[PDB]
Each structure stands twice: as structure tokens, then as C-alpha cells.
Amino acid sequence: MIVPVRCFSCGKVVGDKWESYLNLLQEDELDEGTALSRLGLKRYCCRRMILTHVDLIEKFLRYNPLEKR
Amino acid sequence: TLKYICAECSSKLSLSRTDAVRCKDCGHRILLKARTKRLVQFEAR
Amino acid sequence: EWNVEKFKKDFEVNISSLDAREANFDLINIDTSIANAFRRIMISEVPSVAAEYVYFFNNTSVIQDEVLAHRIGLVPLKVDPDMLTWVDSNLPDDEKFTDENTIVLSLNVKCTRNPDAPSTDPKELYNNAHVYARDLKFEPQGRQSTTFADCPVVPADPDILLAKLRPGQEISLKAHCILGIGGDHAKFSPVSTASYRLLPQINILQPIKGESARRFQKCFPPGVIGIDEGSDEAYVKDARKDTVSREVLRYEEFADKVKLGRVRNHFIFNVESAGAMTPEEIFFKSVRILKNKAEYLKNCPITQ
Amino acid sequence: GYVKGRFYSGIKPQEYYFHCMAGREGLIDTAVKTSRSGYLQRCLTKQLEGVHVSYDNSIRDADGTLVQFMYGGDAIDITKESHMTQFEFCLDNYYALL
Amino acid sequence: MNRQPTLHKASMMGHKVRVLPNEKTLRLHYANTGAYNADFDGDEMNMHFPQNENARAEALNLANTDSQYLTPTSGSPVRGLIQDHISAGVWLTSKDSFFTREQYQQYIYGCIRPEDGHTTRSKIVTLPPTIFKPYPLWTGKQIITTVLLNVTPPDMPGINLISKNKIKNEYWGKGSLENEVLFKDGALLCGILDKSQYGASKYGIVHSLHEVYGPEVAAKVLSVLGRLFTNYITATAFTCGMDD
Amino acid sequence: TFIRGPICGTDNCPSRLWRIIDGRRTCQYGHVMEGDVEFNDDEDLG
Amino acid sequence: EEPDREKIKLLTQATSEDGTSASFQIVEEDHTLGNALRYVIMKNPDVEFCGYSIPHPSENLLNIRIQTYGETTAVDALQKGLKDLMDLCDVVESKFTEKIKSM
Amino acid sequence: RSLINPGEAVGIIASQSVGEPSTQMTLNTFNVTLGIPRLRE
Amino acid sequence: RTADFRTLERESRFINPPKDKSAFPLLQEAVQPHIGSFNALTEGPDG
Amino acid sequence: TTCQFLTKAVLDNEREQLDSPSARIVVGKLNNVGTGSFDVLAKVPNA
Amino acid sequence: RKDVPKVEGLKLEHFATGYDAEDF
Amino acid sequence: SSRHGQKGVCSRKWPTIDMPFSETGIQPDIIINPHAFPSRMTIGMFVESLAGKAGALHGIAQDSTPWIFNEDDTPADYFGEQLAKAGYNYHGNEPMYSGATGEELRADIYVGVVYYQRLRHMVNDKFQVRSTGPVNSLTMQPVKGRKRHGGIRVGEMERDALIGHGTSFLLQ
Amino acid sequence: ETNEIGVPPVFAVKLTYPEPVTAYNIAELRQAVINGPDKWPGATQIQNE
Amino acid sequence: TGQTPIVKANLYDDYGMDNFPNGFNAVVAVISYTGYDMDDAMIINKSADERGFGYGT
Ligand SMILES: [Zn+2]
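Residues numbered from 1 in each chain as written, not as in the entry; some residues may be left out. Chains lettered and ligands numbered in written order. Part of a larger assembly, values for the part shown. Heavy atoms only, no water. Residues with missing side-chain atoms left out of burial classes, pairs and counts.

Per the deposited record, the coordinates in this entry were obtained by cryo-EM to a resolution of 2.7 Å.

Given below as C-alpha cells:
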């Protein structure tokens, strides 16, 4: 679903870094290792929270019962 | 206003009495209840 | 023999870096039981402000109500504690939330469709499709419209993505934010990591000059070992930079000519922040909690 | 099926297949093990229900009929005979056992 | 308490009640898992609460867990410590284990409380260190000696026992004698302690204290050791890695 | 939330009572009634 | 006024006649103060035995036990320890105040 | 002082000392009847 | 070995489902014993 | 074979003496093994 | 047999607390 | 459970306050006992632990298809070489401190990143307690039932266990 | 302890024992009636003569 | 909140198992530390759980 607000192990706020992360991969064409280190994630517990997130909310939102089609 | 939602075309709707369970716009027989402004409380945990 | 004057002469603080969010510093000549207590209180006993009760009026989004209430509680608010008092969880709800205990946040988002020209991005395609933590509005209840007018309540990270919407869906809630400690729930913990490490000690035993120093350079982080000549041959430049990886112990050239120990009374604290307080200030606030934690036992009658 | 591989370094696909054969031979024996000893013990306990030690040390049934004249030939509790013939232990601990 | 397929009578024993806050399941010691054939993976146990003093007196004197130490099948012990406590006694009773005075006195009070009635003296007595001059230090075998000194009754002599370990002398280096376990007047003088001593195993130290001092003392030594090796594991952990 | 049935005594009032453990019935002031049998059965369409 | 007589409690079953050996029980405590207080009491040259203990993790109770050699009761040695731990946090606060202002 | 006590249920204990370790005795060949099928005879 | 997770490719396919034949074609060949078997009741040789 | 043995006892006019532990649990009498293999009697002081 | 591909371009990414990429 | 048949019940939720912490400052999310390894021999979990920590550092993902590696190309050497280039221990260990006492643990602890799974079946409808309550009309015995507030059955084998103790009053 | 069992407070305030009231346990049994059916070292019924 | 695995097979992607996340990546320590984790038992972090670890409906 949506990005976790905090990291499970450390407790850093991580939820503000998911849209920043997808732009470092798309626009700047960084690899995942450089993109996580420019976001300021450097404990590997805090790295895997953004590195490994699936983001299924984009797949749930297509099933909207409140709008036509 | 107590309301419902057509399950096929998402058209809002309400039924009272001597009123068939159908969509007025299409004819869909399945209606799902909408949620209105009503208080529920949660602990943020 | 031990004393309080004998502790004041030997104790040292060396502050490495200080910032608005993290702070590295050293505590020299203190015991592990005291320094573990400072690490303890910063995670668990320094209070902070976070949303506790959430009152949904409507939530027609994909995210469950109890999931969305959980996400609001984890949002670090930039409220200063000591502006609030503590709630009293026994007397009931008609008397419990006053304006001196509680900070009210509200959220009222509706999603509509945007009429656009073009598989397109949903910022250009829906209106208020994403809900952020900056959409939480501070409602200054009661007489504290004038004491929070100097600096109002804002989330310390305003781009926390709380929910995503599609048109027709809305979220209307109202969260009461209360003061609490991190032993109760981790949302009240004011620190992203309060932790320490103990100073690494790298004891070279035999002189390992020459090309047996060039490969002794590489078994450590780069600033740790230095070289001059056969004189000032291989020495520790900075024994603070070393991560204790023990990489030199898996080479048989150096398994006799080095040791890896610790300096046992020299601690390296790394205190971060969730946002509400500067990290040098929740170290003071920790060392004063432990002091008052002993005053309240000294000034207390020994029962039976 | 002689696996020269070890679990540290991993096993080859031929000897991976033979090791799955030895992993299923124990699980199929439990699969033939539905109800074995539940009725053996019920038959013993229904007959030997009332057999008890009497005050004259004879082993009798509840109606009174004698089964043995002394329990095991020697009238010793099994849960008390463990240091019975541990004489060197009992000699080292003479004053505490006394 | 009974685990439900009740094969033998030690699967239905008498426990003492300890009411624990904040918990939602029944909660049992590891020393009781051999008698119930219990693993903690979704098993249930029934809890019967008897209702007069005739049935309280039987469940405290005839069916209690202290009188079920030896099984009636062959007279073997069925109660003892299990996994981390075995692997902590090989570390604590080792020869590298040295403890200073603040460490030594903390490990004794971590396992023995006089307020819960563990001591037989009302005051915790200790021992002189085995190293006096360069720094005063205690030894890890000398902690096993102290906890036998405080829970065994004062007006009896100590235990005398020559047993073995499971661990061969070659694993400790040249000329070691750490396979012979020697108790002399209640002082552990030689050898580490294993599953062969405080596991569910015959002729060890726990089975010897059951014979000399009785079933109440051997049940208390299994509790005192279990808290000693729990608090020693927390201060000094045990791990298994890839390099092993 | 009280359900009917027979009358009540315990020196107060003919009315409906308060069952305590769904087959043991008490009064409204804390006096006990006798033996509700609580007809239940198990299911082994079969 | 009226103080809080539920916090610290001398367990009288383990307290000697002299008062030189006692046990205490503190509510809502754990390893945080009990390890820091055991360190400061063991710097008294009159304490013969000291250790803290947590009976069960699920209740928040802290037993500490003091045994002195004599000439000072275990209540006198508990409050010398709490006083020397108040004083020890004033030293850490002063060195950390002086060194932020020294940057 | 190691004698069996009068009133001891030695008939139950004997049946439980065969019926309990027979549950251990339920596996395959490591000729003559073995295990539980021999014990049932 | 290198075996990447396709993080931009996943999020593009979540937001924008394909308008052609499906991705993940091995997943439809897992139930080809069931679907093809039922399809032979009406389609194929001899009606 | 419950009623099979029951017929064998009715034709026999048998007096069940209530001493096996299965016969004592049926009639609710105290068992005769262990703590029920003796009686307890209170010694009263006055004549 | 081809070897398992060693990933190329791997750098120092664990620095001690308070330190960052100050190593040049 | 992990992906190796290492299932386990959550026995206690342990506070971060007194859970062990590393040089990095990390408290682990899950503690698994090393005594669950020698009899299970699930060595795929040990190599997943150092493969997953190597991937969290470098931001890469690792292939764990079987038979990629070799006896001359052991993955403890492969993913160990990646931990050494990051600056961690080659063997996967981490220097780690005690949460309770604050002292350094004796040996470096094997910590890593393992993918975990939550099983669906849970322990809600498992406990029950009855002091008294409903009976049956024929026998006047406690009724059966989890949600009918029903009794616990002292069966045939427990009757034999209460005679074997010689406890005639617990049987009564 | 090894001879003990850890009983949840859910079970603990439900299972009861009919203690007869005497001159030595009236100190305990007063506080048990005062605590009532919710505070744990309490009671849930009294039986008259 | 599922996560994709860091350590996965190549066929994880081919069957499209990322549309159906089955678990989560956990920092696991192989340590005997607490005394509450033996024979089948593990120990969860409490503050991880309060931050949403392993939550489901
Ligand atoms: Zn009444």
C-alpha cells in the first residue's frame, strides 16, 4: 500500500521520501544505491524501507466505486 | 439524506417503499450503501 | 576510591558535530550504566506530542480508517513540549481534553477530476489526489490561540504522504494530539536513533612498516591508519573513524601483530531527532529526567 | 545417491533429487501411523485399574484377590532406587545422608 | 495442568499459581516441557482448579511437579534446563570466565532473592575472590558454588560428587581436566557443567541434590540456575553465524 | 437487555431476571435463582 | 499535602533487625535507574552487597538489595546513593552546557 | 526408606510404563515381529 | 548474481495497466491445463 | 459390550460390591487407592 | 562454467557514527 | 516464518529500550534463537541473512535461484565480499551492545536482513474459562462449547492419570 | 519458578474458590469483598449460612 | 504493507509475484538474548510493532 510513515527498525521518517525517490530514478537516472544516499537514508534498516516498497495503493485506486467507468 | 450507490454505473440513489431494488439509470439489481457524515473514533495506534 | 569531585575532574565532553537534527558528541570517563541510562531515557522517557485520538467524520478512501489513524499518529509534530500539560486518563471525555492538554488537528480533503488534455500523471489529472501531512490544519482551541500564535503547530516533515484519493472520495477527520512518552508507544519517541558506540582501540604490537603497512592501510577505513616511513611507520591517525569490521583479523600476516579492543569509558553518542526538538536539547532533557528520577525517590517515605 | 555435497556449499541437482527422496521416506511413515497405541494402553488400564499395594505389602486387586506377594520381589519404589547401589556416592555423602 | 493426550501421570501435575499482569496466555517454565511432551508452537493445556482442602492437599503433596522429578518408567529424571541454559553453563563455568565484585554480586542477586524465600539464611553470603592482588576477581565456577551455598540448608554438609561432562578434555587444550566434574563440600572445583549435569540426565549435580537434600531443594536449584543462566545470557549473549 | 420468562421473587418483584452465566440466574439486587438447563446441542445434511 | 507512599517500599521480610541489610521494591522502574543506582551505591566503602533485580518483565517492579558491613543502615546507604546520582547528573549537565557554548 | 508405599497404584503405573514408551515404538525396520504388533500379540 | 527489482517498471504498470496482451505470460501458461481443456469442449476439430 | 454384561449380571442376581474404581465412580463413592485406602477418625476428649 | 557476476562499482557505504563521506 | 521452514510463534513483544543495539544504532525487528539451527540445518537462511544485508547497503537485489553458485564459488565468499566493500564484517557479524546493561556483548552477533512472513491462523478462538454455568438437562453436567461458555473434559486417560497419583480426592 | 504456572488476569478474575470465613482470614477476606469482581485480589459471591 | 524481497529468484518477476506481496523484510538477529525464545519461539521488537510491522486485517 502506501509508503510507511516511519521506518520499522530505526524510526526515521521515511514517508516523505517515496516521491523524491521515484524522481531520482526517473529524471536523474540514478541507480538505487546513489538515490537512497542522496535522500539521507544510510542505515540499511532505513534503506530497505524505501528500496523495497511495492506501492500497491496505485493498483487499488483503479477500483473506484464512486465514479463512472 | 439516506442514499445508495448503483454498483454498475456509480449513480447515487435512494429508495423508500414500493420501490424496486434497481438502478434508475441503468437497470442494475445490485446496490451498495454509501457512507455519510457520522462520527467514529479511533486510537491512533 | 570514588567521589563526586573525583568524577568531575576526569569527565569530559567533546562535541563533534551539532545540527538542527543530529548531534554527535563524546562522553569520556563515565560508566556504561550511566551512559546506558542516558540512551535509555532519550528513546523511552523524553515526552513528545503526537496524535492519539482520531475522529473520522467521513472516510471514503481505499485506506482503512484504523490504518489511516495509525499513520497520523506517526507524524512528528513540531510542537514544543512544556507548552502542554499532561492529560488525565481517568476522568471522562467531557472533562478530559482541555486547551492546555490538547492540540486539535483537522483534515478535510475531497478529490475531484481535473479537466485536462493528455496514462497521465495524477497531479495533472485529479484535484487533491495526494494527501500530505501539510494538509493537517492547526485549529487553535481555547485561550491558546495567543500562545501558539508565535509559532503554530506544523508537522516537522510536511511531505509525509498520508493518503491517496480518486475523484468522489473524501477524508474528513479531526485528531486530538496529546503528550506522552515513548515507552507507551513508539510514536511519542522524540529521537530517530539515540544510540552510542564505544571508542575503538587498535593496539599495534610489532612494527609493521613497509609494504606490510600499505596492506594494513586497506584493512581499515581510509582515515584510520597512516604512514610516514619506517619511522612513524603505521599508527592510528583517528581511532574514532573505525568501524569494527575486524577485516585485519582474516589475514595471517597481522593475526599476531595487532589487537582490537575498546576504550571502555569513552562513549560516542549519536542523537538524531524526529523533528520537535533539537538533539542537544533532548540530551539535557534526558540527564535531567534521570536526576529527577532520583529526587522523587529520595524525597519519598520508605513504606512499611 | 552418495551426496558428496554439503549444506555449506550447496548440493548439485542430481543429489538434490535424491535428498528429497530421503526426506519423504520419514514423512510417509508418519502417514501410515494413524492410531497405534491408544487401545493397547486402554486395555491394560481397565484390567490393572484397581491393582494396588496393600498394607501387608502384597499386590492385590480391588476385590481382594492377590496378584503378587511383594512388589517386584523386593518392595522398592522405582522412583527411589536410583542411588540405591551408588555406594561410593553414599559413602562420600555419609554425614549428609545420615 | 495437563497437556491433553495424557499418556503417563507426569502429564498431569500440580502447579502453584503465579498471576502475571498484561498477558493473555498460560505461561510455563522450560523445565516442565519434558514431562508434558510440550513444544511452544500452538499447544494448549487445561487448567483445573480444585475446590476444597482435600484436593488442594493432594495437588501440593502427591501430584506436584516436585515429586515428579524421576519418572516411574525406569527411574530416570525428566526435568532439567534445555537449550540456552546448557550453552551458558559451558560459558559461565569455563576457565576464562572472570567476574569482578560488582558483576559477581549482581549475578547472585539476579537469581537468588531473599524476599521470595530463596535463601536459607535471610542474608546473601558470598565467597572470597580467587585472585586477590592485581585486581580482585571471582571465577564463574565460584558463582555456581555460591548459589548452592545460599539455597541448600545451612546445617548440612555440602555435596560431594565426582561425575563427568559430555565434553572431551582434548577440546580445551593440553593437560586440561575439564571433563571431570568435582564437587567437594558444595564447591565446584573442576569441570564445566552440561546437559549431563543440569539437564534431564541421571547422576548429575541436580539429580544428586535430589537424593541428598530432597525434592524441594532440587526444584529450587533448577529455578536458581535457570535465572542465573538467563541473566548471564542477557549480559553476555550467544550467537551462531556463517563463519561457524 | 433483560429477557422475560417466569416471575421473580427474592422478596421484591414479579418480573424478568438477570441470568449471570447463561443458565445461572440472579435477581436485580444480587440474590441467586436455581438451575437454568440451557438446551444446547452439537452438529455431528447429516 | 500528602506524599506518595506507594513508590518505594521496604520489604520487611528480608530486612534485618539492625537495619544493615534490607530489600526495597520500586514501582514503575526497570534497568534504567536500577543499574545506574547500583553503580553509585557500590562506590560506598560501607556497602558489602548490592544488586538490583527485576522479578518478572511483565510487571514494573524493581527490587534492589543493600547489605552494609555495619555502622550505616541500608536506608542510609540507599539515600547516599540517590544523592550521589543527583550530583552525578549535575556534573554531566554542566560539562555539556559549557561545551555547547564553547563551539 | 525407599519402599513402595501401601495404597500405591502400581497397576496404573505399570500400564502407563508400557503404554507411554510404546508411542516411541512405532517406526520401520532398522524376521521376528517387533514393536507394537509384537506387543499386541 | 545481478537480478534487479524493476521499480520504475512496476510503478508504471500499476498506474497504467497494459492495453495489449498481458505481461507475465508464464502466469497464463500455469492454468493452460484448465482453460485449454475447457476450450476443447466447443472449439477445435469435429466441432 | 455394555448391555451384554448387564444381561449376564441381571440373570445372576449379582451384588456389585463397589470396590473396583470403575464401580466407585459410577456410584460416586470415594476411590480405594491412595488416599482412600484408609479411614480418618477424630479423637474426641470428653466421655 | 561461468562465474556468478561480481557486481561492479561497489564502494564504501558504512561510515561510523557522525562521519559521512569525508574519506577522499 | 521465514522462507526456509523456520516457523515460530511470537513469544513476547520486547521493548526497544532493552533490546540489543548495534554500532549502527539498529535494534533488530526479529530475534531468532541460534538453537533453532543445528537440528533444522536450514543453511539457506544463513546465506539469505548476509545476501539481504548486502542488498540493503548497495541498493541491489540478489538472485537466489538454486544452483547458481558452486562449491568453488561459495556464496559466503560472494556476499561476504560485498559486505567487506561496504565496510561491514566479512562474515556477517556486527558488534552489538546489551540493551539492558549497556555493555558490549561478548561475540559479534550475526545480524542481517531476512524476508519474513505472517501466517494466517491465529490464537483468538483458543482460550476459554468456566467457573460455573449452563448444564445439560439429562446429565446435569456442564455443557460443551467454546462460545456456549462450556466445560473442559476430564477424559478417560485423565481419570487413569488421577488414579496413578493415588489422589482419590482430585478424582472425586 | 519451575513448579509454577503463569495465569493471565483474564482467567484470574473468573475462577473462584469457596473460602470459609474464620478468625484468621477475615483480614484477607474483607479486602477481597471490598475489591469485588474486577480488581484482582478480590471476590465475586458470598454465601450466607 | 508488503514488501518485495531483496533476495529473490529470477522467476519471482516472471510470474508477477510483485502484484501479490507475501511478506516483509526484517532485520533479524540470530541471538539468544532474552530467554523467551526457545524450541519454537521468536521475539518481536515492540517499537517496530507500534510502527506498523506485520499489521494485517
Ligand atoms: Zn433479590
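Text resumes after the structure shown.
Here's the deal with the overall build of chain H
Formally: Runs of E in the DSSP output that reach at least two residues are strands. Runs of H or I that reach at least four are helices, and both are numbered from the N terminus. For the area figures, the Shrake-Rupley method with a 1.4 Å probe applies, and any residue is considered shielded solely by the protein chains shown.
Within chain H one finds two helices and zero strands. Here chain H has roughly 2,800 Å² of accessible surface; of this, 51% comes from carbon and sulfur atoms.

Some thoughts on the pattern of salt bridges
Our working definition: Counted as salt bridges are all cases of a side-chain nitrogen of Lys or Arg within 4 Å of a carboxyl oxygen of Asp or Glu. To sort residues, take the accessible area from a 1.4 Å probe on protein chains only and compare it with the maximum for the residue type: under 20% means buried, over 50% means exposed, and anything in between is partly exposed.
For the coordinates displayed, the defined rule picks out 66 salt bridges over all chains. The residue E1 of chain C makes a salt bridge to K6 of chain C at a minimum N-O spacing of 2.4 Å. Residues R18 of chain E and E59 of chain G are paired through a salt bridge, measuring 2.4 Å at the closest nitrogen-oxygen approach. With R18 of chain E in strand β2 (residues 16–19) and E59 of chain G in the loop between β3 (47–53) and β4 (61–68), this pair bridges two chains. Residue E59 of chain G is classed as buried on the basis of its relative accessible area, which comes to 12%.

Considering the environment of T102 of chain C
Residue and element names in this part refer to chain C. Summarising the element assignment, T102 is placed in the loop between α4 (93–96) and β5 (103–110). According to the relative accessible area criterion, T102 is buried, its value standing at 8%. For the pair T102 and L74, spaced 28 residues apart in sequence, the C-alpha separation works out to 17 Å.

Things to note about the arrangement of the chains
Stated formally: Whether two residues are in contact is decided by their heavy atoms, any of which lying within 4.5 Å being enough.
Between all 34 pairs of chains that are in contact, chains L and N come out with the most contacts. Separated in space, chain C and chain D share no contact, their closest pair of C-alpha atoms being 19 Å apart. Here chain B and chain H are not in contact; the least distance found between their C-alpha atoms is 48 Å.

A word on the sheet that holds strand β2 (residues 12–13) of chain B
Residues and elements named next belong to chain B. Basically, it comes down to this: At least two DSSP bridges between two strands are required for those strands to pair.
Read from one edge of the open sheet, three strands run β2-β1-β3, paired in antiparallel fashion. The strands lining the two open edges of the sheet, one partner per strand, are β2 and β3 (31–33). The pairing of strand β1 (residues 4–6) with β2 spans two bridges and is classified as antiparallel. Following the sheet pairing, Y4 is matched in β2 by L13.

Let's talk about the interface of chain N and chain L
Spelled out, the test is: Between N or O atoms, a polar contact is any pair within 3.5 Å; within protein, one atom must be a potential hydrogen donor and the other a potential acceptor, and residues adjacent in sequence are included only when both atoms are from side chains.
If you look at the interface, chain N gives 40 residues, while chain L gives 50 residues. In this assembly, chain N and chain L are joined by two salt bridges. Measuring nitrogen to oxygen at the nearest pair gives 3.0 Å for the salt bridge that ties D49 of chain N to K13 of chain L. Summed over the shared surface of chain N and chain L, the number is 36 residue pairs in polar contact.

Side note on the side chain of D16 of chain A
As for its placement among the helices and strands, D16 of chain A is situated in the segment before α1 (18–26). Look at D16 of chain A and you get buried, because its relative accessible area is 18%. Polar contacts involving the side chain of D16 of chain A include one to the side chain of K17 of chain A, which spans 3.2 Å. When near neighbours in sequence (up to four residues on either side) are disregarded, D16 of chain A contacts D157, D159 and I160 of chain C.

Regarding the packing of helix α4 (residues 141–151) of chain E against helix α7 (residues 215–235) of chain E
Between two packed helices, both the angle of their axes relative to each other and the distance between the axes serve to describe the pair. All names here are of chain E. Filter applied, for reference: Note on geometry: axes are C-alpha line fits, over the in-contact stretch for helices, and angles between N-to-C directions span 0 to 180 degrees. Between 65 and 115 degrees an angle is taken as roughly perpendicular, under 35 as roughly parallel, over 145 as roughly antiparallel, and anywhere else as oblique. Put simply, a crossing is left-handed when the front helix is turned counterclockwise from the back one by less than a right angle, and right-handed when it is turned clockwise. For this classification, the nonpolar set comprises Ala, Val, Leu, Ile, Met, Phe, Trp, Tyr, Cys and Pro, the charged set comprises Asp, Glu, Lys and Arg, and every other residue, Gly included, is treated as polar.
At a minimum axis separation of 10 Å, α4 and α7 run at an interaxial angle of 140°. Accordingly, the angle class assigned to the pair α4 and α7 is oblique. The element α4 and its partner α7 pack so that their crossing is right-handed. On the side of α4, the interface is formed by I143, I144, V147, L148 and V151, while α7 contributes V217, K220, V221, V224, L225, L228 and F229. Among the residues making up the contact of α4 with α7, the classes are represented as eleven nonpolar, no polar and one charged.

What to know about the coordination of the zinc ion
All names here are of chain F. Spelled out, the test is: Think of the donor list as every N, O and S atom within 2.8 Å of the metal, or within 3.2 Å for Na, K and Ca; water never makes the list, so a site can look incomplete.
Taken together, the protein ligands of the zinc ion are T10 (OG1) and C27 (SG), with distances of 2.1 to 2.5 Å. Linking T10 in the segment before β1 (18–19) with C27 in the segment after β2 (25–26), this pair joins segments that are 17 residues apart in sequence. For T10, a relative accessible area of 34% puts it in the partly exposed group. What makes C27 buried here is its relative accessible area of 4%.

Comments concerning the pairing of strand β7 (residues 109–116) of chain L
For a regular strand, the rule is simple: side chains alternate between the two faces of the sheet. A large share of β7 of chain L lies buried, amounting to eight of its eight residues. Of the two faces of β7 of chain L, the one carrying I109, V111, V113 and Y115 of chain L and the one carrying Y110, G112, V114 and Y116 of chain L are both buried. Bridge count for strand β5 (residues 93–94) of chain L against β7 of chain L is two bridges, and the pairing is antiparallel. Counted as the bridge partner of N93 of chain L is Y110 of chain L from β7 of chain L. As defined by bridge partners, β7 of chain L adjoins strand β2 (residues 24–30) of chain N across seven bridges and the pair is classed as antiparallel. Paired with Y115 of chain L across the two strands is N25 of chain N, which belongs to β2 of chain N.

Notes on the nonpolar core
Where we set the bar: Definition used in this section: a nonpolar core is a set of buried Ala, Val, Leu, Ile, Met, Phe, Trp, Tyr and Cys residues joined via side-chain atoms within 4.5 Å.
One finds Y21, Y44 and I50 of chain A, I30 and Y116 of chain L together with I31 and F53 of chain N to be the most contacted residues of the largest nonpolar core, which totals 74 residues. Other than its neighbours up to four places away in sequence, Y116 of chain L contacts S1, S2, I30, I32 and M45 of chain L together with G23, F24, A26, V28 and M42 of chain N. Among the nonpolar cores identified, the runner-up in size contains 64 residues, and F7 and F283 of chain C together with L37 and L85 of chain G belong to it.

Observations regarding the interface of chain I and chain L
Quoted interface sizes are often the accessible area lost when the parts come together. Opposite the five residues of chain I that make contact, chain L presents six residues. Of the residues in the side of chain I that touches chain L, the class split is two nonpolar, one polar and two charged.

Quick notes on the packing of aromatic side chains
The condition that has to hold: Two rings from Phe, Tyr or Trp (for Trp, the six-membered ring) form a pair when their centres sit within 6.5 Å of each other. Planes less than 30 degrees apart are called stacked, planes more than 60 degrees apart edge-to-face, and all others tilted. A ring is scored as having a charge over it whenever the NZ atom of a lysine or the CZ atom of an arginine sits within 6 Å of its centre and within 35 degrees of its normal.
Counted by the stated rule, this structure contains 40 aromatic pairs over all chains. Between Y16 of chain D and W67 of chain L the ring centres are 5.1 Å apart and the planes differ by 90°, which places this aromatic pair in the edge-to-face class. With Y16 of chain D in helix α1 (residues 13–30) and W67 of chain L in the loop between β4 (62–63) and α2 (75–86), the pair connects residues from two separate chains. Consider the rings of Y30 of chain E and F40 of chain E, whose centres lie 6.1 Å apart with planes at 90°: the pair is edge-to-face. Here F40 of chain E lies in the loop between β2 and β3 (45–46) and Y30 of chain E lies in the loop between β2 and β3, a separation of ten residues in the sequence. A residue is classified by how much of its surface remains accessible, and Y30 of chain E, at 13% relative accessible area, is buried. Aromatic rings pair up to connect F25, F38, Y196, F267, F269, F283 and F284 of chain C, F96 of chain G together with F21 and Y97 of chain L into one cluster. Sitting above the plane of the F5 of chain J ring, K8 of chain J keeps its charged end 5.3 Å from the centroid.

A look at a nonpolar patch on the surface
The condition that has to hold: Patches draw on residues past 30% relative accessible area with no salt bridge. Two like charges within 9 Å are joined, as are two nonpolar side chains (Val, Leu, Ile, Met, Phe, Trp, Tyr) within 5 Å.
Taken together, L27, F30, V32 and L34 of chain H make up a surface patch of nonpolar side chains, about 520 Å² in accessible area. Tracing the backbone shows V32 of chain H in the loop between α1 (10–19) and α2 (35–39).

Topic: the packing of α1 of chain H against helix α3 (residues 156–164) of chain L
Closest axis-to-axis distance for the α1 of chain H/α3 of chain L pair is 8 Å, and the angle between their directions is 125°. The angle between the axes of α1 of chain H and α3 of chain L places the two elements in the oblique class. Of the two elements, α1 of chain H crosses α3 of chain L, and the hand of that crossing is left-handed. Mapping the contact onto sequence places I12, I13 and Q16 of chain H in α1 of chain H and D160, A161, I163 and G164 of chain L in α3 of chain L.

A closer look at the sheet that holds β4 of chain G
Residue and element names in this part refer to chain G. Across the sheet, which stays open at both edges, the four strands sit in the order β1-β2-β4-β3 with antiparallel pairing between neighbours. In the strand order of this sheet, the two ends are held by β1 (8–10) and β3, each with one partner. The average undirected angle you get between the axes of adjacent strands in this sheet is 20°. Relative to β4, strand β2 (residues 21–27) runs antiparallel, the two being bridged by seven bridges. Bridging from a neighbouring strand, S21 pairs with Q67 of β4. Contacts from helix α1 (residues 31–41) reach β3 and β4, with the element oriented near 170° to β3.

Observations concerning the pairing of strand β3 (residues 41–45) of chain N
Summarising burial for β3 of chain N: five of the five residues are buried, a large majority. Burial along β3 of chain N is two-sided: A41, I43 and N45 of chain N facing one way and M42 and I44 of chain N facing the other are all buried. Strand direction decides the pairing type here: strand β1 (residues 9–14) of chain L and β3 of chain N, joined by five bridges, are parallel. Along β3 of chain N, the bridge assignment pairs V9 of chain L with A41 of chain N.

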